[PDB]
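File shown: start_39.cif (mmCIF, C-alpha atoms).
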```cif
data_final
#
loop_
_atom_site.label_atom_id
_atom_site.label_comp_id
_atom_site.auth_asym_id
_atom_site.auth_seq_id
_atom_site.Cartn_x
_atom_site.Cartn_y
_atom_site.Cartn_z
CA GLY A 1 0.00 0.00 0.00
CA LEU A 2 1.32 3.38 -1.08
CA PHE A 3 -0.17 6.80 -1.76
CA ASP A 4 1.68 9.61 -3.53
CA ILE A 5 -0.62 12.62 -3.67
CA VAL A 6 0.52 16.06 -4.81
CA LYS A 7 -1.85 19.03 -4.79
CA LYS A 8 -0.52 22.39 -5.98
CA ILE A 9 -2.61 25.54 -6.21
CA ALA A 10 -2.12 29.22 -6.98
CA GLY A 11 -4.45 32.19 -7.20
CA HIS A 12 -5.29 35.65 -6.00
CA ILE A 13 -8.10 34.23 -3.88
CA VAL A 14 -8.15 30.61 -2.75
CA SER A 15 -11.04 29.19 -0.74
CA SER A 16 -11.89 25.68 0.36
CA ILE A 17 -14.09 23.77 2.76
CA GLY B 1 -1.63 -1.08 -4.53
CA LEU B 2 -0.37 2.33 -5.59
CA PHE B 3 -1.93 5.73 -6.23
CA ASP B 4 -0.13 8.58 -7.99
CA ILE B 5 -2.49 11.55 -8.10
CA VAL B 6 -1.42 15.02 -9.22
CA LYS B 7 -3.83 17.95 -9.16
CA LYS B 8 -2.57 21.34 -10.33
CA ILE B 9 -4.72 24.46 -10.52
CA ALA B 10 -4.30 28.16 -11.26
CA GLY B 11 -6.67 31.08 -11.45
CA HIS B 12 -7.56 34.52 -10.22
CA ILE B 13 -10.34 33.03 -8.09
CA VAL B 14 -10.32 29.40 -6.99
CA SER B 15 -13.17 27.92 -4.97
CA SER B 16 -13.95 24.39 -3.90
CA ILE B 17 -16.11 22.43 -1.49
CA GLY C 1 1.62 1.09 4.53
CA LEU C 2 3.01 4.43 3.43
CA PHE C 3 1.58 7.88 2.72
CA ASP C 4 3.49 10.64 0.94
CA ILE C 5 1.24 13.69 0.76
CA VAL C 6 2.44 17.09 -0.40
CA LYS C 7 0.13 20.11 -0.42
CA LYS C 8 1.52 23.43 -1.63
CA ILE C 9 -0.51 26.62 -1.89
CA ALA C 10 0.04 30.29 -2.68
CA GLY C 11 -2.23 33.29 -2.94
CA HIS C 12 -3.02 36.78 -1.78
CA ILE C 13 -5.87 35.42 0.34
CA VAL C 14 -5.99 31.81 1.50
CA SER C 15 -8.91 30.46 3.50
CA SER C 16 -9.82 26.97 4.62
CA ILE C 17 -12.08 25.12 7.02
CA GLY D 1 -14.18 -0.42 1.97
CA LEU D 2 -10.44 -1.02 1.84
CA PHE D 3 -7.58 0.88 0.24
CA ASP D 4 -10.12 3.44 -0.94
CA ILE D 5 -10.46 7.20 -1.31
CA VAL D 6 -13.88 8.53 -0.36
CA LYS D 7 -15.39 12.00 -0.66
CA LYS D 8 -19.01 12.66 0.26
CA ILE D 9 -21.38 15.60 0.51
CA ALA D 10 -24.99 15.74 1.67
CA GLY D 11 -27.15 18.77 2.23
CA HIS D 12 -28.15 22.25 1.12
CA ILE D 13 -25.33 24.09 -0.63
CA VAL D 14 -25.15 27.61 -2.04
CA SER D 15 -22.19 29.06 -3.91
CA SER D 16 -21.82 32.54 -5.37
CA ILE D 17 -18.75 33.79 -7.17
CA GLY E 1 -12.58 0.92 6.41
CA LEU E 2 -8.85 0.26 6.31
CA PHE E 3 -5.95 2.10 4.72
CA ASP E 4 -8.43 4.69 3.49
CA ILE E 5 -8.71 8.45 3.10
CA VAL E 6 -12.11 9.85 4.01
CA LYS E 7 -13.55 13.34 3.68
CA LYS E 8 -17.17 14.07 4.57
CA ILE E 9 -19.49 17.06 4.78
CA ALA E 10 -23.10 17.26 5.92
CA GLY E 11 -25.22 20.34 6.44
CA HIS E 12 -26.15 23.82 5.29
CA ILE E 13 -23.29 25.60 3.55
CA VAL E 14 -23.04 29.11 2.12
CA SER E 15 -20.04 30.50 0.26
CA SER E 16 -19.60 33.96 -1.23
CA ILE E 17 -16.50 35.13 -3.01
CA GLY F 1 -10.98 2.27 10.85
CA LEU F 2 -7.26 1.55 10.78
CA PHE F 3 -4.32 3.33 9.19
CA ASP F 4 -6.75 5.95 7.93
CA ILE F 5 -6.96 9.71 7.50
CA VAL F 6 -10.35 11.17 8.39
CA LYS F 7 -11.73 14.68 8.02
CA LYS F 8 -15.33 15.48 8.88
CA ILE F 9 -17.61 18.51 9.05
CA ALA F 10 -21.22 18.79 10.17
CA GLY F 11 -23.28 21.91 10.65
CA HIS F 12 -24.15 25.40 9.48
CA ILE F 13 -21.25 27.11 7.74
CA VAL F 14 -20.93 30.60 6.28
CA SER F 15 -17.90 31.92 4.42
CA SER F 16 -17.39 35.36 2.92
CA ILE F 17 -14.26 36.47 1.14
CA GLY G 1 -45.56 34.89 3.75
CA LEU G 2 -47.02 36.54 6.84
CA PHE G 3 -48.68 33.66 8.70
CA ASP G 4 -46.48 30.64 8.16
CA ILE G 5 -45.29 27.30 9.46
CA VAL G 6 -41.85 26.32 8.22
CA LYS G 7 -39.98 23.09 8.90
CA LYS G 8 -36.64 22.16 7.37
CA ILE G 9 -34.20 19.28 7.65
CA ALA G 10 -30.84 19.14 5.90
CA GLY G 11 -28.05 16.63 6.31
CA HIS G 12 -27.28 13.01 7.13
CA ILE G 13 -30.25 11.72 9.12
CA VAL G 14 -30.67 8.22 10.51
CA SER G 15 -33.42 6.48 12.47
CA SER G 16 -32.73 2.87 13.37
CA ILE G 17 -33.90 0.15 15.72
CA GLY H 1 -43.36 36.78 7.73
CA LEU H 2 -44.81 38.48 10.79
CA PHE H 3 -46.53 35.64 12.66
CA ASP H 4 -44.38 32.58 12.16
CA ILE H 5 -43.26 29.24 13.49
CA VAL H 6 -39.82 28.18 12.29
CA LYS H 7 -38.02 24.93 13.00
CA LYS H 8 -34.68 23.93 11.50
CA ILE H 9 -32.29 21.01 11.81
CA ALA H 10 -28.92 20.79 10.08
CA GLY H 11 -26.18 18.24 10.53
CA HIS H 12 -25.48 14.62 11.38
CA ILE H 13 -28.48 13.39 13.36
CA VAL H 14 -28.97 9.91 14.78
CA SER H 15 -31.76 8.24 16.73
CA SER H 16 -31.14 4.62 17.67
CA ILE H 17 -32.37 1.94 20.03
CA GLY I 1 -41.14 38.66 11.70
CA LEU I 2 -42.59 40.41 14.74
CA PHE I 3 -44.37 37.62 16.62
CA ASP I 4 -42.27 34.52 16.16
CA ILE I 5 -41.21 31.16 17.52
CA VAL I 6 -37.79 30.04 16.34
CA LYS I 7 -36.04 26.76 17.09
CA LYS I 8 -32.72 25.70 15.62
CA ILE I 9 -30.37 22.74 15.97
CA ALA I 10 -27.00 22.45 14.27
CA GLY I 11 -24.31 19.85 14.75
CA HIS I 12 -23.67 16.23 15.63
CA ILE I 13 -26.71 15.07 17.61
CA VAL I 14 -27.27 11.61 19.05
CA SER I 15 -30.10 10.00 20.99
CA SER I 16 -29.54 6.37 21.96
CA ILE I 17 -30.84 3.74 24.34
CA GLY J 1 -56.92 31.54 10.22
CA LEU J 2 -56.85 28.67 12.66
CA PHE J 3 -54.27 25.93 12.37
CA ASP J 4 -55.53 22.75 14.04
CA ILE J 5 -52.64 20.30 13.79
CA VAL J 6 -52.62 16.95 15.57
CA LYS J 7 -49.97 14.24 15.61
CA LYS J 8 -50.35 11.07 17.67
CA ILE J 9 -47.98 8.12 17.92
CA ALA J 10 -48.20 4.98 20.02
CA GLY J 11 -46.08 1.88 20.21
CA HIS J 12 -44.00 -0.45 22.30
CA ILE J 13 -40.88 1.10 20.76
CA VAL J 14 -40.65 4.47 19.02
CA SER J 15 -37.98 6.42 17.18
CA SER J 16 -38.98 9.86 15.96
CA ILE J 17 -37.31 12.92 14.48
CA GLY K 1 -54.82 33.68 14.14
CA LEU K 2 -54.81 30.83 16.61
CA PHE K 3 -52.27 28.04 16.35
CA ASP K 4 -53.60 24.89 18.04
CA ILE K 5 -50.75 22.39 17.83
CA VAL K 6 -50.80 19.06 19.63
CA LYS K 7 -48.20 16.30 19.71
CA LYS K 8 -48.64 13.15 21.79
CA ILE K 9 -46.33 10.17 22.08
CA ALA K 10 -46.61 7.05 24.21
CA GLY K 11 -44.55 3.91 24.42
CA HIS K 12 -42.52 1.56 26.54
CA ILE K 13 -39.37 3.05 25.01
CA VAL K 14 -39.07 6.40 23.25
CA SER K 15 -36.35 8.29 21.41
CA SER K 16 -37.29 11.74 20.16
CA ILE K 17 -35.55 14.75 18.67
CA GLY L 1 -52.70 35.81 18.06
CA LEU L 2 -52.76 32.97 20.55
CA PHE L 3 -50.27 30.14 20.33
CA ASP L 4 -51.65 27.03 22.03
CA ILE L 5 -48.84 24.49 21.86
CA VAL L 6 -48.96 21.17 23.69
CA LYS L 7 -46.41 18.36 23.80
CA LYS L 8 -46.93 15.24 25.91
CA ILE L 9 -44.66 12.22 26.23
CA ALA L 10 -45.01 9.12 28.38
CA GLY L 11 -43.01 5.95 28.64
CA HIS L 12 -41.03 3.58 30.79
CA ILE L 13 -37.85 5.01 29.27
CA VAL L 14 -37.48 8.33 27.48
CA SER L 15 -34.72 10.16 25.64
CA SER L 16 -35.59 13.62 24.36
CA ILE L 17 -33.79 16.59 22.86
CA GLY M 1 -56.47 43.80 10.29
CA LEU M 2 -55.21 46.11 7.56
CA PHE M 3 -51.84 45.23 6.03
CA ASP M 4 -49.86 47.68 3.90
CA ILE M 5 -46.54 46.16 2.88
CA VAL M 6 -43.69 46.97 0.50
CA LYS M 7 -40.70 44.77 -0.30
CA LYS M 8 -37.75 45.46 -2.58
CA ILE M 9 -34.98 42.90 -2.95
CA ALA M 10 -31.89 42.72 -5.14
CA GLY M 11 -29.16 40.12 -5.19
CA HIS M 12 -27.40 37.50 -7.22
CA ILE M 13 -29.19 34.79 -5.22
CA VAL M 14 -32.50 35.25 -3.42
CA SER M 15 -34.81 33.00 -1.42
CA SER M 16 -38.15 34.24 -0.13
CA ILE M 17 -40.93 32.49 1.75
CA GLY N 1 -54.15 45.92 14.12
CA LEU N 2 -52.83 48.20 11.39
CA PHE N 3 -49.48 47.24 9.88
CA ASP N 4 -47.44 49.64 7.75
CA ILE N 5 -44.14 48.06 6.76
CA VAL N 6 -41.26 48.80 4.39
CA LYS N 7 -38.30 46.54 3.62
CA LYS N 8 -35.33 47.16 1.36
CA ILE N 9 -32.60 44.56 1.03
CA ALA N 10 -29.50 44.31 -1.14
CA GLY N 11 -26.82 41.66 -1.15
CA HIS N 12 -25.08 38.99 -3.15
CA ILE N 13 -26.94 36.33 -1.15
CA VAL N 14 -30.25 36.86 0.63
CA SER N 15 -32.61 34.67 2.63
CA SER N 16 -35.94 35.98 3.90
CA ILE N 17 -38.76 34.28 5.77
CA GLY O 1 -51.82 48.04 17.96
CA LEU O 2 -50.45 50.27 15.21
CA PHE O 3 -47.10 49.25 13.74
CA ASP O 4 -45.01 51.59 11.60
CA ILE O 5 -41.73 49.95 10.64
CA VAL O 6 -38.82 50.62 8.29
CA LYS O 7 -35.90 48.31 7.55
CA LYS O 8 -32.90 48.86 5.30
CA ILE O 9 -30.21 46.20 5.01
CA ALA O 10 -27.11 45.88 2.87
CA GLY O 11 -24.47 43.19 2.89
CA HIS O 12 -22.77 40.48 0.92
CA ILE O 13 -24.68 37.87 2.93
CA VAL O 14 -27.99 38.46 4.69
CA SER O 15 -30.41 36.33 6.69
CA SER O 16 -33.72 37.70 7.92
CA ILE O 17 -36.58 36.07 9.79
CA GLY P 1 1.33 -8.30 6.53
CA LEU P 2 -1.51 -10.39 7.94
CA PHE P 3 -4.94 -9.36 9.20
CA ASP P 4 -7.86 -11.27 10.72
CA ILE P 5 -11.22 -9.57 11.18
CA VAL P 6 -14.39 -11.15 12.57
CA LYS P 7 -17.72 -9.37 12.97
CA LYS P 8 -20.70 -11.28 14.28
CA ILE P 9 -24.20 -10.09 15.17
CA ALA P 10 -27.22 -12.03 16.40
CA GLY P 11 -30.65 -10.87 17.49
CA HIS P 12 -34.36 -10.72 16.89
CA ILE P 13 -34.31 -7.27 15.27
CA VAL P 14 -31.00 -6.07 13.86
CA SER P 15 -29.77 -2.96 12.06
CA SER P 16 -26.26 -2.50 10.68
CA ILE P 17 -25.33 0.86 9.21
CA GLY Q 1 2.76 -7.18 11.13
CA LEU Q 2 -0.12 -9.21 12.54
CA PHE Q 3 -3.54 -8.12 13.77
CA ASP Q 4 -6.49 -9.96 15.28
CA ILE Q 5 -9.84 -8.20 15.71
CA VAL Q 6 -13.04 -9.72 17.09
CA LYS Q 7 -16.34 -7.88 17.45
CA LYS Q 8 -19.36 -9.72 18.76
CA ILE Q 9 -22.84 -8.47 19.62
CA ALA Q 10 -25.91 -10.35 20.84
CA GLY Q 11 -29.32 -9.12 21.90
CA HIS Q 12 -33.03 -8.91 21.28
CA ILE Q 13 -32.91 -5.47 19.63
CA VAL Q 14 -29.57 -4.34 18.24
CA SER Q 15 -28.28 -1.27 16.42
CA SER Q 16 -24.75 -0.88 15.06
CA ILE Q 17 -23.75 2.45 13.57
CA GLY R 1 4.19 -6.05 15.73
CA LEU R 2 1.27 -8.03 17.14
CA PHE R 3 -2.14 -6.86 18.34
CA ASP R 4 -5.14 -8.64 19.84
CA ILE R 5 -8.45 -6.82 20.24
CA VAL R 6 -11.69 -8.28 21.61
CA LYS R 7 -14.96 -6.37 21.94
CA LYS R 8 -18.02 -8.16 23.24
CA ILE R 9 -21.49 -6.84 24.06
CA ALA R 10 -24.59 -8.65 25.28
CA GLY R 11 -27.99 -7.36 26.31
CA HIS R 12 -31.69 -7.09 25.66
CA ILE R 13 -31.50 -3.67 23.99
CA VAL R 14 -28.13 -2.60 22.61
CA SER R 15 -26.78 0.43 20.78
CA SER R 16 -23.23 0.75 19.43
CA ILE R 17 -22.17 4.05 17.93
#
```

Kindly present the structure from the file in structure tokens form.
Amino acid sequence: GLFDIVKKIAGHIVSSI
Amino acid sequence: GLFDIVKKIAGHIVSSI
Amino acid sequence: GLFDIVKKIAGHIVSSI
Amino acid sequence: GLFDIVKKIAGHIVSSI
Amino acid sequence: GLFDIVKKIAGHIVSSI
Amino acid sequence: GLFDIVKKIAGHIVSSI
Amino acid sequence: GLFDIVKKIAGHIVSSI
Amino acid sequence: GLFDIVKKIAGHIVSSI
Amino acid sequence: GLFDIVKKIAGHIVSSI
Amino acid sequence: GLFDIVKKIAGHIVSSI
Amino acid sequence: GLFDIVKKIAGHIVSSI
Amino acid sequence: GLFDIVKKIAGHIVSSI
Amino acid sequence: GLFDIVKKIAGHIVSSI
Amino acid sequence: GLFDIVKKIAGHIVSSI
Amino acid sequence: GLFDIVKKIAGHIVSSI
Amino acid sequence: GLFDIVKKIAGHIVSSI
Amino acid sequence: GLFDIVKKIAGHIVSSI
Amino acid sequence: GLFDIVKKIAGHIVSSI
């Protein structure tokens, strides 16, 4: 079992829940 | 089992739930 | 079992819950 | 549910942008 | 639920941006 | 639930930005 | 509406025996 | 609304026996 | 609303026996 | 305008929401 | 305007919300 | 405007919220 | 009774009972 | 009774009972 | 009774009962 | 890597969720 | 790596959540 | 690495959450 997760973001306004 | 997930985003406004 | 998680962000305003 | 990625949502949502 | 990534949400949400 | 990453949310949320 | 009866439910609801 | 009855529920609700 | 009855619940609620 | 509302429940075991 | 509201519940075991 | 509200519950065991 | 009412609403998203 | 009422509302998101 | 009322509201997000 | 899981339920009325 | 898990429930009325 | 877990419940009315 192995997970390799990459999440890259960029922006003037960044929102998330 | 192996996961290789890449998520790249860019924008003036970025929203997500 | 192994997890390799990388989360990189950049922005003028960054919000999260 | 083994070795699995799960994302769920349930309700009343409202998004403006 | 073994070796698993879980994200859940349940309710009344409101997002402005 | 073993070897697992869990994130949960439940309620009334309001986000302005 | 002036004279009203309002009743709302929103989310993950369970009723078990 | 002027004369009202309001009743709201929002979230993860459980009723078990 | 002027004459009102308001009743709200929001969160993780449990009722068990 | 009258509102005549009646709810009745009976049983050895009851779960209500 | 009258509101005549009645709720009745009876049982050996009860769970209510 | 009158509000005539009545709630009655009876049982060997009760859980209420 | 006598009811004289005026309502003006403006918005991207609107909900009215 | 006599009711004289005025309401003005403005916003990206609005909820009114 | 006699009711004379005025309401003015402005905002990105609004909730009114 | 070895795992042994046993889950066992017995009754007149049963609910698994 | 070795694991042993046992879960065992018995009754007239049962609820697992 | 070795683990032994035992969970055991018995009764007329049972709730596991």

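The backbone trace of chain O, superposed onto chain K over all C-alpha atoms paired in order, deviates from it by an RMSD of 2.2 Å.
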
Margin query: For this structure, which residues satisfy the selection - the PyMOL selection byres ((chain O and resi 2) around 8) - when it is evaluated on the file as given? I want them as a list in words.
Written below: residues 1, 2 and 3 of chain N; 1, 3 and 4 of chain O

List, as a CSV table (one decimal) with C-alpha atoms, in the coordinates of the input, every residue that the PyMOL selection byres ((chain F) within 10 of (chain I)) selects in the file provided.
```csv
chain,number,residue,atom,x,y,z
F,9,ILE,CA,-17.6,18.5,9.0
F,10,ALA,CA,-21.2,18.8,10.2
F,11,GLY,CA,-23.3,21.9,10.6
F,12,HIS,CA,-24.2,25.4,9.5
F,13,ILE,CA,-21.2,27.1,7.7
```

Would you place a box with edges along x, y and z of the file around all atoms of region 2-15 of chain I listed there, add 3 Å to each of its six sides, and report the centre and edge lengths in Å to one decimal, as AutoDock Vina command-line options?
```
--center_x -34.0 --center_y 25.2 --center_z 17.6 --size_x 26.7 --size_y 36.4 --size_z 12.7
```
